[PDB]
Amino acid sequence: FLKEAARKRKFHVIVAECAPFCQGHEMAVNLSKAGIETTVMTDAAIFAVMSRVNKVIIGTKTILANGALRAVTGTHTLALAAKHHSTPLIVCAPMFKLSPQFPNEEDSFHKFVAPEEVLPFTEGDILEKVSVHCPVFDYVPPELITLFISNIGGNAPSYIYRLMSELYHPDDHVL
Amino acid sequence: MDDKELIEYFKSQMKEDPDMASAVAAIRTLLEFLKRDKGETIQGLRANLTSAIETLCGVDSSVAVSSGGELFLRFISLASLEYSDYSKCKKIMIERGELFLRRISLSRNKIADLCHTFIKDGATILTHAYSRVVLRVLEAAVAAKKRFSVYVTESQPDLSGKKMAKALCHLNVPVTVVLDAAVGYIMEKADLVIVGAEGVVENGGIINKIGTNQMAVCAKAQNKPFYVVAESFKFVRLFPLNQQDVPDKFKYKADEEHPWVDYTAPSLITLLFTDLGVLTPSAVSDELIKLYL
Amino acid sequence: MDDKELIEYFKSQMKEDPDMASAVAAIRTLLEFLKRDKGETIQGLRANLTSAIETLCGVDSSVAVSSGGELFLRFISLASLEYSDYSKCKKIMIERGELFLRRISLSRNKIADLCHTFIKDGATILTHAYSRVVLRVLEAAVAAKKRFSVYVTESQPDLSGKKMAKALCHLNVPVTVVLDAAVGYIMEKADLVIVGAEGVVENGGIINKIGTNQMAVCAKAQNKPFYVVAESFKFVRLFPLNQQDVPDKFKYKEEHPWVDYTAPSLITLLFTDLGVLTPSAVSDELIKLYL
């Protein structure tokens, strides 16, 4: 999306990096390999920089039957920020990232990965009483997004629960 | 059937089993009436059904009754008629109305099997009145071995919350009846608030018992996700915008005082429950224009 | 001396008149107690006052009485004593107490003629409970010849809002006793909210009868204004963060509270006899009032 919509213009791309294990960093290298003015930052100061940002393009993992997608971690706090500064949330998800379940259907809706990436084993004794959570998928609510860039065009969080019936069936929710 | 047999039969349908929604009784009585035809002319039949709906709402103006009767008229004459004789047609109409009432009977259990996947373990449900839909979904949530507690608000005019508290401790679920004013106090410790609509206008809001608006706006203040259960014979066609925009034919129900039922906007509601599925309150608009056809 | 007649005199006075608030009767009982002290110390009085306050917090649990006792014991020992013979102390302390109780008495009158300029004639007062201060605010708002309709919610725990409605329509005002469950409804047509106060916590939001908080946020829902009137001795230095944080001796007296907390981000202004305050100012004047 960006490195095609930025071979005409040149502008500000503030790539946060996923703190559990840096994910946006190869993103930044790949973007900069065309010179797009990419600024990498640690995901803990978004509410600092959010007020000098215009369009919030977030890449998501999958969507739901509310529009309330769940994406790479730290996107829910980015959504709370980018609504506290009322910027748009220009999601970019093709069709096949859309599953007709509902938000509170999965016990541990997230996907906890090995806490070894949050407090590596080489730490020591303090690893005896530390519940080192690591939920690498966070759950955006419905009302924080505004504009799905699906590969049919733009859409809104209330032209999704019909993309179900246009793509799936009612009784394939449980599969 | 000069409308006194109508109302006496409706009261009989009421006291035989008070629990059910007034509207399913309305549809059942309209169907029985339709059987008491005395004449096969499509037009004078639907005019009779509309007069019947009017004389019905004259005693139970709960939005349920009007919504259901109008949906009944909508669904009776769906397929073609070719009324070359007008009597086999009325056979088809009784058949279709019976199918409709079957769908209405399946509403409750569909709600029960779609919803209780949402009360996560160890929560504190909050409700507001004797929403038999909420009672049965709560039963189908507890009997799935979920664990929670439940608060309920007495809803002053008629203390329905107390009756539900009785019929819920009769289900061995920890239940507390808090004052209706205290919906703000408890709103912080109770995770999600379930309540049962009695009318679901086009925008997506609801028209429920008096103590709902304050509950919705509090549970949007302290960000406690809202949920309203509403079956598919309560998709009204109104569209209020304020409190004064629910017609008097819905508010007082009686015939320096108090209203009875009132509005709640589709921003203060997170997810609605119908036997059409789980909807976000815009789906109300779409599926309502598609349901009324 | 002991509670055996202290408490009886307290109850007799506090129940001699409803316009006579509770904690002011508490102040007056502390004063008569000083007038019957029969002792030789000041320290023993800095303890005997606390004793009377702790035997008073049972007959009445309202934040009013604890506030009154604490603030009065505080301010009474303000004019530097330099004790002479445990008698000059007596005169100066009873003088301080007389001055304080008179300040208390005229607090209501001051807040009356300070409040009446806020009901934009042809408006909708939406009170919440029988509250002598809101009552003698609306009285001085009809005396200055304005007009307004008053919605008094009924305060379910005890249907006493009807008492306000009756005693108010005694003054020829259009009264409408809404359902206290209907504070989501009439809020479309409430031009302002005037709730009686029973004590103010530091940050500004106040402790009030159970049905306040909801009404409070309803205001902030529909961008109406929310106005309170806290008599001068209704300040306490708690600082709750959620309705359970307030002390349990206050709430109760199945499970259902009696008073609860309105966060300060909802109150638009406070009217005390210390003037008109945005809540931050009540934090300030509470610190510098207790001193």
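Above this text sits the structure in question.
This report concerns the structure included in the present document. (Residues numbered from 1 in each chain as written, not as in the entry; some residues may be left out. Chains lettered and ligands numbered in written order. Part of a larger assembly, values for the part shown. Heavy atoms only, no water. Residues with missing side-chain atoms left out of burial classes, pairs and counts.)

Some points on the interface of chain B and chain A
Between chain B and chain A, the contact holds ten residues from the first and ten residues from the second. Summing both sides of the interface, chain B and chain A together bury roughly 1000 Å²; the carbon and sulfur share of this comes to 55%. Of all residues in chain B, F118(B), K120(B) and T280(B) bury the most surface against chain A, accounting for 40% of the area lost on that side. The tally of links from chain B across to chain A stands at one salt bridge. One can count five residue pairs in polar contact joining chain B with chain A. At four residues, the largest contribution of residues to the side of chain B that touches chain A is made by helix α11 (residues 281–291) of chain B. (Contact = heavy atoms within 4.5 Å. Buried area = accessible area lost by both parts, 1.4 Å probe. Salt bridge = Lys/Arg side-chain N within 4 Å of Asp/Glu carboxyl O. Polar contact = N/O pair within 3.5 Å; in protein donor to acceptor, adjacent residues only side chain to side chain. Helix = DSSP H or I, 4+ residues; strand = E, 2+ residues; numbered from the N terminus.)

Quick word on the sheet that holds strand β1 (residues 123–127) of chain C
Residue and element names in this part refer to chain C. In space, the seven strands of this open sheet follow the order β3-β2-β1-β4-β6-β8-β9, with mixed pairing throughout. Pairing within the sheet leaves two strands with one partner each, and these edge strands are β3 (175–176) and β9 (275–277). One ladder, built from five bridges, connects β1 with strand β2 (residues 148–152); its direction is parallel. Bridge assignment links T124 to a residue of β2, and that residue is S149. Sheet strands in contact with helix α8 (residues 212–221) are β1, β4 (192–196) and β6 (226–229), and its direction is about 140° off that of β6. (Pairing = 2+ DSSP bridges. Axes fitted to C-alpha atoms, helices over the stretch in contact; angles between N-to-C directions.)

Here's the deal with the nonpolar core
Within the largest apolar cluster, 62 residues are counted, with the highest numbers of intra-cluster contacts made by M187(B), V200(B), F226(B), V228(B), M215(C) and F226(C). Apart from the residues within four sequence positions on either side, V228(B) is in contact with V195(B), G196(B), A197(B), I206(B), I269(B), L271(B), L272(B) and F273(B). If you look at the next biggest cluster of nonpolar residues, it comprises 54 residues, including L144(A), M164(B), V175(B) and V278(B). (Core = buried A, V, L, I, M, F, W, Y, C linked by side-chain atoms within 4.5 Å. Buried < 20%, exposed > 50% of the residue type's maximum accessible area, 1.4 Å probe, protein only.)

What about empty space enclosed by the protein?
Of the volumes computed, that of the largest cavity is approximately 70 Å³. Around the largest cavity, the lining residues are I63(A), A93(A), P94(A), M95(A), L98(A), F148(A), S150(A), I152(A), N155(A), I160(A) and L163(A). Split into classes, the residues belonging to the lining of the largest cavity amount to nine nonpolar, two polar and no charged. Reported here for the second largest cavity is a volume of approximately 40 Å³. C115(B), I119(B), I125(B), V137(B), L138(B), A141(B) and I194(B) are the residues that line the second largest cavity. Take the lining of the second largest cavity: its biggest share by element is three residues, from helix α6 (residues 132–142) of chain B. (1 Å grid on protein atoms, 1.4 Å probe; cavity = no way out; pocket = protein on both sides within 12 Å on 5 of 7 lines; lining within 4 Å. Points joined across faces, edges and corners; volume = space filled by probe spheres on them. Nonpolar A, V, L, I, M, F, W, Y, C, P; charged D, E, K, R; others polar.)

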